[PDB]
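J.: My structure is below; once you've seen it, I'll send some questions.
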Amino acid sequence: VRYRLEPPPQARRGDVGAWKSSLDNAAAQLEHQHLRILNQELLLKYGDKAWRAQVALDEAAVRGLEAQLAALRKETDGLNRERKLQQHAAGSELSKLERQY
Amino acid sequence: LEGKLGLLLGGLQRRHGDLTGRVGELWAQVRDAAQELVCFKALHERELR
Amino acid sequence: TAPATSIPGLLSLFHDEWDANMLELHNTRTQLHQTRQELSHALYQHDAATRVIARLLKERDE
Amino acid sequence: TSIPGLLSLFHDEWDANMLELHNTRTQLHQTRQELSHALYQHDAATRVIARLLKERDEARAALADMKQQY
Amino acid sequence: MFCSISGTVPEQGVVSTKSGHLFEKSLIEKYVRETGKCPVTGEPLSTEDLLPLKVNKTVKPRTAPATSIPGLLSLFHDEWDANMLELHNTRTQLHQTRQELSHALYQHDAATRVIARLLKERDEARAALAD
Amino acid sequence: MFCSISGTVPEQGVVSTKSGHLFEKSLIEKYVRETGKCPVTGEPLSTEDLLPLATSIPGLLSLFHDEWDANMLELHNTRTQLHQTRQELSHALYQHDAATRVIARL
């Protein structure tokens, strides 16, 4: 409601200290929009390759993460395969021990 | 100026938000793959001995 | 010491003195360019005085 | 104080909120390791008792053929 | 790229020398003096061991509405909103995940008891067939 | 964070304990085997020395502090220019007397 930048209403119009409050909000939002347009002009003048770089870095994090995933998948799969081999090396001996029982 | 901000780079902003969503969602399976490693290691040891 | 209104009041005070300083920007800038204007007319007034003095002495000797 | 103090205390409170959040993540990592133990282990125990009951009914069929003989 | 504890790219990038984990400067100093250990594992650590990995992060790109004092503080607002909006949900996810873990543990205990019992069943079955 | 040689952000960052510079593991591997030293500092750098390791509130407050300081410094030079424009103007209002009384002398 303060952002809509309004001067003193009916019951606040006559008193000037209310217009001091209006000085506060009006001047504040004035320079708000001024340094706002400054920042916007500053990026559209300059920012383009900065966004280029940071989106490049987001893609870098992306691909590094999927690389971690492929690695973890690989090592874990290898461990699983080793476990399967061990299981095979045992089940055969167990089965034959039971049949000879 | 903010309109042209959108028109020009907000495509790159869509692309960056897309990449951060992709990286976060993929991390949400990267560390789940981590727990996959922990459990398969536990069962490696388990069946092993 | 900080407000126990912690994020509500912290943000309200953040904004309050943020904009107090942004207001101190405007009034200072305002009196700055006000004085820039007064100086421009003062330099003009110096030049005008010089024109008047030259005209006066031209009248004086002739 | 005003802006340097505001930003300093904001930095501090974000630090503290994040120390709490990592307490959450750390206990959560302990707990998901506990899960990767537990749920898989109960699957394995279902497997154990399945093996053992097949063994049971196998010995039962052994004694059953035994006393079928005699 | 992110401090492991932080999760977003550190603006005062620091690895500890002893560890292999890159950290937030203020945060990890607070944490090293807050428990005395490496928060990645619990390893004992000291505050100077921190290494100031500084290659000048200054890349954080002003977004379109964020480019504004009114905008930057409004996103400051919903940002802190979201930071606590994540932390509390992690508190309750801990609680329900923890409860699930407890239930799983009890189920596992029951399974162990049944396996112990059924094993006596099978062992005596076989010893009997041996007669 | 960037690689302290290339100016592009490392995909797999390594860090030499000596100088703290952020390097790319293949890139630092190459520069060390060729040179045995650090590419920015010039101290001896070996192959084991390297450890393999905007919208958010720390960076966001860095941005807040940035705009605060930049504004206050701009207005600090603005304070200086105002006091400049009234020291010259105050000597001007000093010298707006002889206009009057020389034009009274002529």
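Every chain in the structure tokens takes a letter, A first, then B, and so on in the order presented; its residues are numbered from 1, and the ligands are numbered from 1 following the presented order.
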Out of region 20-88 of chain F, which residues get strand (DSSP E or B) from DSSP, as a count of residues only?
T.: 7
J.: For chain E, list the residues within 7 Å of chain A, counting only C-alpha atoms, and write the list as a list in words.
T.: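 Going by the stated atoms only, the list reads residues 59, 61, 67, 68 and 69 of chain E.
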J.: Got a sec: who's within 10 Å of residue 42 (chain B), counting only C-alpha atoms, leaving out chain neighbours fewer than 6 positions off, as a PyMOL selection string?
T.: (chain B and resi 36+48) or (chain D and resi 33+36-37+40-41)
J.: Write out the residues from the selection above, keeping N, CA, C and O atoms, as an mmCIF file, in the first residue's frame.
T.:
```cif
data_model
loop_
_atom_site.group_PDB
_atom_site.id
_atom_site.type_symbol
_atom_site.label_atom_id
_atom_site.label_comp_id
_atom_site.auth_asym_id
_atom_site.auth_seq_id
_atom_site.Cartn_x
_atom_site.Cartn_y
_atom_site.Cartn_z
ATOM 1 N N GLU B 36 21.918 -46.344 -2.906
ATOM 2 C CA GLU B 36 21.990 -47.627 -3.603
ATOM 3 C C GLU B 36 23.343 -48.276 -3.379
ATOM 4 O O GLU B 36 23.436 -49.480 -3.103
ATOM 5 N N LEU B 48 28.658 -61.960 1.400
ATOM 6 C CA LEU B 48 30.074 -62.286 1.296
ATOM 7 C C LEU B 48 30.514 -63.186 2.437
ATOM 8 O O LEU B 48 31.023 -64.289 2.212
ATOM 9 N N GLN D 33 20.491 -44.215 5.400
ATOM 10 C CA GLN D 33 21.367 -45.378 5.525
ATOM 11 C C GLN D 33 20.708 -46.466 6.369
ATOM 12 O O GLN D 33 20.788 -47.658 6.041
ATOM 13 N N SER D 36 18.261 -48.126 4.023
ATOM 14 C CA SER D 36 18.941 -49.001 3.075
ATOM 15 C C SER D 36 19.405 -50.276 3.759
ATOM 16 O O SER D 36 19.502 -51.331 3.122
ATOM 17 N N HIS D 37 19.716 -50.197 5.054
ATOM 18 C CA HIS D 37 19.812 -51.421 5.837
ATOM 19 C C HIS D 37 18.467 -52.125 5.910
ATOM 20 O O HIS D 37 18.272 -53.157 5.265
ATOM 21 N N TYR D 40 15.814 -53.459 2.790
ATOM 22 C CA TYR D 40 16.534 -54.523 2.098
ATOM 23 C C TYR D 40 16.753 -55.725 3.007
ATOM 24 O O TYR D 40 16.675 -56.873 2.557
ATOM 25 N N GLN D 41 17.024 -55.484 4.293
ATOM 26 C CA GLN D 41 17.274 -56.591 5.206
ATOM 27 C C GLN D 41 16.016 -57.403 5.421
ATOM 28 O O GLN D 41 16.077 -58.626 5.565
#
```
J.: Within 7 Å of chain E, which residues of chain D show up when using only C-alpha atoms, listed as a ChimeraX atom specification?
T.: /D:15,21-22,24,28,31,34-35,38-39,41-42,45,48-49,52,55-56,59-60,62-63
J.: Generate a file of the selected residues that holds N, CA and C atoms, formatted as a short mmCIF file (atom, residue, chain, number, x, y, z; two decimals), in the first residue's frame.
T.:
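The resulting selection.cif:
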```
data_model
loop_
_atom_site.label_atom_id
_atom_site.label_comp_id
_atom_site.auth_asym_id
_atom_site.auth_seq_id
_atom_site.Cartn_x
_atom_site.Cartn_y
_atom_site.Cartn_z
N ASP D 15 22.94 -18.18 8.34
CA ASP D 15 23.90 -19.17 8.84
C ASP D 15 23.25 -20.12 9.84
N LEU D 21 19.24 -26.63 9.12
CA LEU D 21 18.88 -27.43 7.94
C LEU D 21 19.89 -28.55 7.70
N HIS D 22 21.17 -28.31 7.96
CA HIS D 22 22.13 -29.39 7.79
C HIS D 22 22.01 -30.41 8.91
N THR D 24 19.16 -31.29 9.93
CA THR D 24 18.11 -32.07 9.29
C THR D 24 18.68 -33.04 8.25
N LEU D 28 18.95 -37.02 8.43
CA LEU D 28 18.27 -37.68 7.32
C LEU D 28 19.19 -38.66 6.61
N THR D 31 19.47 -41.64 8.64
CA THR D 31 18.22 -42.38 8.60
C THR D 31 18.02 -43.12 7.28
N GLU D 34 20.05 -46.07 7.46
CA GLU D 34 19.30 -47.02 8.28
C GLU D 34 18.21 -47.71 7.46
N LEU D 35 17.59 -46.97 6.54
CA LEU D 35 16.56 -47.54 5.66
C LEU D 35 17.17 -48.53 4.68
N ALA D 38 17.50 -51.51 6.60
CA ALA D 38 16.30 -52.16 7.12
C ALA D 38 15.40 -52.79 6.06
N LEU D 39 14.97 -52.00 5.07
CA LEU D 39 14.00 -52.53 4.11
C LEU D 39 14.60 -53.67 3.30
N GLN D 41 17.02 -55.48 4.29
CA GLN D 41 17.27 -56.59 5.21
C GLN D 41 16.02 -57.40 5.42
N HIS D 42 14.86 -56.74 5.47
CA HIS D 42 13.63 -57.50 5.64
C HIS D 42 13.29 -58.29 4.38
N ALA D 45 15.40 -61.22 4.79
CA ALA D 45 14.90 -62.14 5.81
C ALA D 45 13.71 -62.93 5.29
N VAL D 48 15.45 -65.50 3.58
CA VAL D 48 16.01 -66.48 4.51
C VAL D 48 14.95 -67.50 4.91
N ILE D 49 13.80 -67.02 5.38
CA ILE D 49 12.79 -67.95 5.86
C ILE D 49 12.19 -68.73 4.70
N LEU D 52 14.57 -71.47 4.26
CA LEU D 52 14.53 -72.39 5.39
C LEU D 52 13.25 -73.21 5.41
N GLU D 55 13.68 -75.82 2.84
CA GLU D 55 14.49 -76.82 3.52
C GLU D 55 13.66 -77.68 4.46
N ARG D 56 12.74 -77.05 5.20
CA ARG D 56 11.87 -77.78 6.12
C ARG D 56 11.02 -78.80 5.38
N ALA D 59 13.01 -81.70 4.07
CA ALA D 59 13.26 -82.73 5.07
C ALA D 59 11.97 -83.46 5.44
N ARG D 60 10.84 -82.76 5.42
CA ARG D 60 9.55 -83.40 5.66
C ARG D 60 9.25 -84.42 4.57
N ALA D 62 11.50 -85.89 2.83
CA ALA D 62 12.47 -86.95 3.06
C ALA D 62 11.96 -87.96 4.07
N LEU D 63 11.52 -87.49 5.24
CA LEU D 63 10.99 -88.40 6.25
C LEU D 63 9.71 -89.07 5.76
#
```
J.: Please identify all polymer residues within 12 Å of residue 40 (chain C), counting only C-alpha atoms, omitting same-chain residues fewer than 4 positions from it, and present them as number ranges by chain.
T.: C: 33-36, 44-47; F: 85-86, 88-89, 92
J.: Go ahead and save the picked residues with C-alpha atoms, as a compact mmCIF listing (two decimals), in the first residue's frame.
T.:
```
# COMPACT_ATOMS: atom_id res chain seq x y z
CA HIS C 33 21.29 20.64 -8.43
CA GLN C 34 19.38 23.52 -6.82
CA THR C 35 22.78 24.98 -5.92
CA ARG C 36 24.12 24.10 -9.38
CA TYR C 44 25.76 34.75 -15.31
CA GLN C 45 25.38 37.57 -12.77
CA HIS C 46 29.14 37.98 -12.57
CA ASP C 47 29.29 38.21 -16.38
CA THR F 85 29.46 23.92 -5.96
CA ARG F 86 28.71 25.94 -2.87
CA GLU F 88 32.63 28.36 -5.39
CA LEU F 89 29.09 29.75 -5.08
CA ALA F 92 30.52 34.06 -5.63
```
J.: Can you work out which one of B:25, B:32, B:18, B:2 has the shortest atom-to-atom distance to chain D, counting only C-alpha atoms?
T.: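 Closest residue, counting only C-alpha atoms: B:32.
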J.: Distance cut-off 6 Å, counting only C-alpha atoms - which residues of chain F neighbour chain E? Return them as an NGL selection string.
T.: :F and (1-2 or 20 or 53-54)
J.: Region 15-117 of chain E: which residues are helix (DSSP H, G or I) by DSSP, as a ChimeraX atom specification?
T.: /E:25-35,65-67,69-117
J.: Which chain C residues have any atom within 12 Å of an atom of chain A, and for each, what is the nearest pair of atoms with distance in Å to one decimal, counting only C-alpha atoms, rows sorted by chain and number, as a Markdown table?
T.:
```
| residue | atom | partner | partner_atom | distance |
| --- | --- | --- | --- | --- |
| C:12 | CA | A:2 | CA | 11.6 |
| C:15 | CA | A:28 | CA | 10.5 |
| C:16 | CA | A:25 | CA | 9.8 |
| C:17 | CA | A:28 | CA | 10.3 |
| C:18 | CA | A:28 | CA | 8.8 |
| C:19 | CA | A:28 | CA | 5.3 |
| C:20 | CA | A:24 | CA | 6.9 |
| C:21 | CA | A:28 | CA | 8.0 |
| C:22 | CA | A:28 | CA | 5.0 |
| C:23 | CA | A:28 | CA | 4.4 |
| C:24 | CA | A:28 | CA | 8.1 |
| C:25 | CA | A:31 | CA | 7.3 |
| C:26 | CA | A:27 | CA | 5.7 |
| C:27 | CA | A:27 | CA | 7.5 |
| C:28 | CA | A:27 | CA | 10.7 |
| C:29 | CA | A:31 | CA | 9.9 |
| C:30 | CA | A:27 | CA | 9.8 |
```
J.: Select all residues from chain A having any atom no more than 6 Å from an atom of chain B (counting only C-alpha atoms, ignoring ligands), output as number ranges by chain.
T.: A: 55, 58, 62, 69, 76, 83
J.: Please, what distance in Å, to one decimal, runs between CA of residue 61 (chain F) and CA of residue 14 (chain D)?
T.: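 A separation of 10.4 Å between them.
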J.: How close does each residue of chain F get to chain A, giving the shortest atom pair and distance in Å to one decimal for every residue with an atom at most 12 Å away, counting only C-alpha atoms, sorted by chain and residue number, as JSON lines?
T.:
```
{"residue": "F:1", "atom": "CA", "partner": "A:57", "partner_atom": "CA", "distance": 9.8}
{"residue": "F:2", "atom": "CA", "partner": "A:57", "partner_atom": "CA", "distance": 9.7}
{"residue": "F:7", "atom": "CA", "partner": "A:53", "partner_atom": "CA", "distance": 10.4}
{"residue": "F:8", "atom": "CA", "partner": "A:53", "partner_atom": "CA", "distance": 8.4}
{"residue": "F:9", "atom": "CA", "partner": "A:57", "partner_atom": "CA", "distance": 6.7}
{"residue": "F:10", "atom": "CA", "partner": "A:60", "partner_atom": "CA", "distance": 8.3}
{"residue": "F:11", "atom": "CA", "partner": "A:60", "partner_atom": "CA", "distance": 6.2}
{"residue": "F:12", "atom": "CA", "partner": "A:64", "partner_atom": "CA", "distance": 7.9}
{"residue": "F:13", "atom": "CA", "partner": "A:64", "partner_atom": "CA", "distance": 11.1}
{"residue": "F:54", "atom": "CA", "partner": "A:54", "partner_atom": "CA", "distance": 9.3}
{"residue": "F:63", "atom": "CA", "partner": "A:39", "partner_atom": "CA", "distance": 12.0}
{"residue": "F:67", "atom": "CA", "partner": "A:35", "partner_atom": "CA", "distance": 9.4}
{"residue": "F:68", "atom": "CA", "partner": "A:35", "partner_atom": "CA", "distance": 11.4}
{"residue": "F:70", "atom": "CA", "partner": "A:35", "partner_atom": "CA", "distance": 10.8}
{"residue": "F:71", "atom": "CA", "partner": "A:35", "partner_atom": "CA", "distance": 8.8}
{"residue": "F:74", "atom": "CA", "partner": "A:35", "partner_atom": "CA", "distance": 11.4}
```
J.: Take the residues from that selection and put them in a file with N, CA, C and O atoms, as a short mmCIF file (atom, residue, chain, number, x, y, z; two decimals), in the first residue's frame.
T.:
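New file out-v5.cif:
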```cif
data_model
loop_
_atom_site.label_atom_id
_atom_site.label_comp_id
_atom_site.auth_asym_id
_atom_site.auth_seq_id
_atom_site.Cartn_x
_atom_site.Cartn_y
_atom_site.Cartn_z
N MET F 1 33.52 -18.90 -8.68
CA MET F 1 34.69 -19.76 -8.81
C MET F 1 35.03 -20.03 -10.28
O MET F 1 34.15 -20.34 -11.08
N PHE F 2 36.31 -19.86 -10.62
CA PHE F 2 36.83 -20.19 -11.94
C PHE F 2 38.18 -20.88 -11.82
O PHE F 2 38.81 -20.86 -10.76
N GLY F 7 40.14 -19.02 -16.98
CA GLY F 7 39.01 -18.12 -16.96
C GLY F 7 37.67 -18.76 -17.24
O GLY F 7 36.66 -18.04 -17.26
N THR F 8 37.62 -20.06 -17.47
CA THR F 8 36.38 -20.82 -17.50
C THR F 8 36.25 -21.65 -16.23
O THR F 8 37.24 -22.05 -15.62
N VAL F 9 35.00 -21.89 -15.82
CA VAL F 9 34.72 -22.51 -14.52
C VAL F 9 35.10 -23.98 -14.59
O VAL F 9 34.66 -24.69 -15.52
N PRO F 10 35.89 -24.49 -13.65
CA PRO F 10 36.31 -25.89 -13.72
C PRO F 10 35.14 -26.86 -13.62
O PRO F 10 34.23 -26.67 -12.81
N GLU F 11 35.17 -27.89 -14.47
CA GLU F 11 34.26 -29.02 -14.34
C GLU F 11 34.66 -29.94 -13.18
O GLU F 11 33.80 -30.50 -12.50
N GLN F 12 35.96 -30.12 -12.97
CA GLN F 12 36.48 -30.92 -11.85
C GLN F 12 37.63 -30.15 -11.21
O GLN F 12 38.79 -30.31 -11.57
N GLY F 13 37.29 -29.31 -10.23
CA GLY F 13 38.28 -28.42 -9.64
C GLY F 13 39.27 -29.17 -8.77
O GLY F 13 38.89 -30.07 -8.00
N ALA F 54 22.39 -17.19 -7.75
CA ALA F 54 22.52 -15.78 -7.39
C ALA F 54 21.43 -15.37 -6.41
O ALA F 54 21.59 -14.41 -5.66
N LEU F 63 24.91 -8.67 -2.67
CA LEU F 63 24.37 -7.72 -3.64
C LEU F 63 23.77 -6.50 -2.95
O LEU F 63 23.93 -5.36 -3.41
N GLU F 67 25.10 -2.66 -3.41
CA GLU F 67 24.34 -1.48 -3.83
C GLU F 67 24.36 -0.41 -2.75
O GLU F 67 24.42 0.78 -3.05
N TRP F 68 24.36 -0.82 -1.48
CA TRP F 68 24.47 0.13 -0.38
C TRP F 68 25.75 0.94 -0.48
O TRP F 68 25.72 2.18 -0.44
N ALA F 70 27.86 1.26 -3.06
CA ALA F 70 27.95 2.01 -4.30
C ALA F 70 27.10 3.27 -4.25
O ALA F 70 27.54 4.35 -4.66
N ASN F 71 25.87 3.16 -3.73
CA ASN F 71 25.03 4.33 -3.56
C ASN F 71 25.68 5.35 -2.63
O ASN F 71 25.73 6.55 -2.96
N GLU F 74 28.67 7.00 -4.34
CA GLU F 74 28.24 7.95 -5.35
C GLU F 74 27.74 9.23 -4.71
O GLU F 74 28.06 10.33 -5.17
#
```
J.: CA of residue 46 (chain D) and CA of residue 61 (chain D) are how many Å apart?
T.: 22.2 Å
J.: May I have the residues of chain C within 6 Å of chain F, counting only C-alpha atoms, written as a ChimeraX atom specification?
T.: /C:32,39,49
J.: Once you count only C-alpha atoms, what closest atom pair and distance in Å to one decimal does each residue of chain D within 8 Å of chain C have, with rows by chain and rising residue number, as JSON lines?
T.:
```
{"residue": "D:2", "atom": "CA", "partner": "C:17", "partner_atom": "CA", "distance": 7.0}
{"residue": "D:3", "atom": "CA", "partner": "C:18", "partner_atom": "CA", "distance": 7.3}
{"residue": "D:6", "atom": "CA", "partner": "C:14", "partner_atom": "CA", "distance": 6.7}
```
J.: How about saving the chosen residues, N, CA and C atoms kept, as a PDB file, in the first residue's frame?
T.:
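The result, written out as result39.pdb:
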```
ATOM      1  N   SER D   2      22.909   0.545  10.585  1.00  0.00           N
ATOM      2  CA  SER D   2      21.601   0.333   9.941  1.00  0.00           C
ATOM      3  C   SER D   2      21.704  -0.726   8.845  1.00  0.00           C
ATOM      4  N   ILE D   3      22.360  -0.451   7.719  1.00  0.00           N
ATOM      5  CA  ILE D   3      22.427  -1.440   6.638  1.00  0.00           C
ATOM      6  C   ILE D   3      23.533  -2.455   6.867  1.00  0.00           C
ATOM      7  N   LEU D   6      22.063  -4.584   9.596  1.00  0.00           N
ATOM      8  CA  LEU D   6      20.963  -5.397   9.092  1.00  0.00           C
ATOM      9  C   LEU D   6      21.477  -6.570   8.274  1.00  0.00           C
TER      10      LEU D   6
END
```
J.: Please build the interface table for chain F against chain D with a cut-off of 10 Å, listing for each qualifying residue the nearest atom pair and the distance in Å to one decimal; count only C-alpha atoms, order rows by chain and increasing number, and write it as JSON lines.
T.:
```
{"residue": "F:56", "atom": "CA", "partner": "D:14", "partner_atom": "CA", "distance": 9.9}
{"residue": "F:57", "atom": "CA", "partner": "D:14", "partner_atom": "CA", "distance": 7.1}
{"residue": "F:58", "atom": "CA", "partner": "D:11", "partner_atom": "CA", "distance": 6.4}
{"residue": "F:59", "atom": "CA", "partner": "D:11", "partner_atom": "CA", "distance": 9.8}
{"residue": "F:60", "atom": "CA", "partner": "D:11", "partner_atom": "CA", "distance": 9.8}
{"residue": "F:61", "atom": "CA", "partner": "D:7", "partner_atom": "CA", "distance": 6.2}
{"residue": "F:62", "atom": "CA", "partner": "D:7", "partner_atom": "CA", "distance": 8.5}
{"residue": "F:64", "atom": "CA", "partner": "D:7", "partner_atom": "CA", "distance": 7.8}
{"residue": "F:65", "atom": "CA", "partner": "D:4", "partner_atom": "CA", "distance": 7.1}
{"residue": "F:68", "atom": "CA", "partner": "D:3", "partner_atom": "CA", "distance": 7.5}
{"residue": "F:69", "atom": "CA", "partner": "D:4", "partner_atom": "CA", "distance": 9.5}
```
J.: The selected residues should be written to file as a CSV table (one decimal), in the first residue's frame (atoms: N, CA, C and O atoms).
T.:
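Below you can see again.csv, which holds the result:
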```csv
chain,number,residue,atom,x,y,z
F,56,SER,N,20.2,-16.5,-3.8
F,56,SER,CA,20.3,-17.1,-2.4
F,56,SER,C,20.9,-16.0,-1.5
F,56,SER,O,21.7,-15.1,-1.9
F,57,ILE,N,20.6,-16.2,-0.2
F,57,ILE,CA,20.8,-15.1,0.8
F,57,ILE,C,22.2,-14.6,1.0
F,57,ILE,O,22.4,-13.4,1.1
F,58,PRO,N,23.2,-15.5,1.0
F,58,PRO,CA,24.6,-15.0,1.1
F,58,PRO,C,25.0,-14.1,-0.1
F,58,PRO,O,25.4,-12.9,0.1
F,59,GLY,N,24.8,-14.6,-1.3
F,59,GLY,CA,25.0,-13.8,-2.5
F,59,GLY,C,24.1,-12.6,-2.6
F,59,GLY,O,24.4,-11.5,-3.0
F,60,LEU,N,22.8,-12.8,-2.2
F,60,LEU,CA,21.8,-11.8,-2.2
F,60,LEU,C,22.2,-10.6,-1.3
F,60,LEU,O,22.0,-9.4,-1.6
F,61,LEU,N,22.7,-10.9,-0.1
F,61,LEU,CA,23.1,-9.9,0.8
F,61,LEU,C,24.4,-9.2,0.4
F,61,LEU,O,24.7,-8.1,0.6
F,62,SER,N,25.3,-10.0,-0.3
F,62,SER,CA,26.4,-9.4,-0.9
F,62,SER,C,26.0,-8.4,-1.9
F,62,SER,O,26.6,-7.3,-2.1
F,64,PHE,N,23.1,-6.7,-1.8
F,64,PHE,CA,22.5,-5.6,-1.0
F,64,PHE,C,23.6,-4.7,-0.5
F,64,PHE,O,23.5,-3.5,-0.7
F,65,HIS,N,24.7,-5.3,0.1
F,65,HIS,CA,25.8,-4.5,0.6
F,65,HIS,C,26.5,-3.8,-0.6
F,65,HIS,O,27.0,-2.7,-0.4
F,68,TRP,N,24.4,-0.8,-1.5
F,68,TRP,CA,24.5,0.1,-0.4
F,68,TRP,C,25.7,0.9,-0.5
F,68,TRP,O,25.7,2.2,-0.4
F,69,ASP,N,26.9,0.3,-0.6
F,69,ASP,CA,28.2,1.0,-0.6
F,69,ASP,C,28.3,1.8,-1.9
F,69,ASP,O,28.8,2.9,-1.9
```
